[PDB]
Each structure stands twice: as C-alpha cells, then as structure tokens.
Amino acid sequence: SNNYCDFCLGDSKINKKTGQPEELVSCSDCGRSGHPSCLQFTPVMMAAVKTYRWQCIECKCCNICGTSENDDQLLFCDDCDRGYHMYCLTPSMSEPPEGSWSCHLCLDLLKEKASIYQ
C-alpha cells in the first residue's frame, strides 16, 4: 500500500491538511491511501473503514457476490462504504433507496449510530 495520502500528500505522521497525525486507510486492492478525514468520512465511517479490507471506489466489489459489475446498481453503505448490489440484497431492491442507507452489518454493529436513524 501507499505510505502517502492521495489527497494531501501527507503521512501517517502528518495530515498536511489538519496538521495532526492520522492513520492512513489503504485500498486493499490497488494500494492507494488516504486519511479518513481527507476521504471526508464521518467519524463513524472513519472508524468502520478500519474493521475490514476497505476498497477504493475504483476497486469496490459487492460484499455479497464479490463482482464489480452493474455499477449502476451497486449501493454504497453510508456507514462502512462497502458495496452491495440492489439485486443481491434481500429482498431485492427495484429502486435505489432514498436518503441515507445503512447495511445489515452496520445496523448490527453501530446500532443507533447508523446513518439510517435520527
């Protein structure tokens, strides 16, 4: 993975935008790295991205089937940034959801902190 943040060219030692140290997050696939805050993640997302092998937008696959086809149907979870095809969920979705959307894994983990709530 890259020892530098794509967005600020900084380190784990220095976020060049904020001035403080901040762990890098790396694409588990192509290695590109960013600071969670440079990636503009909510501090809930900034967390959850570290509990699994995060994939950047270019490398993202459906967590369910594993393929990267049908990008026009690949939903992003607003908490963990994993991808889920609408047709892989149960029930199937015919339409993209409205507003925030939280996947099952985040509902179980983040509970009331998931985006889908108030």
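Residues carry their position along the shown sequence, with the first being 1.
Stretches compared: 45-53, 76-84. Higher mean C-alpha B-factor in the entry: 45-53. In the deposited entry, the Cα temperature factor of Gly19 sits in the top third of values across the chain's modelled residues. Among the modelled residues of its chain, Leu110 has a C-alpha B-factor that falls in the highest third, as given in the PDB entry. In the deposited entry, the Cα temperature factor of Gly31 sits in the middle third of values across the chain's modelled residues.
In the PDB entry, a CA B factor belonging to the middle third of its chain's modelled residues is recorded for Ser37. When the modelled residues of the chain are ordered by their C-alpha B factor, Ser12 lands in the highest third.
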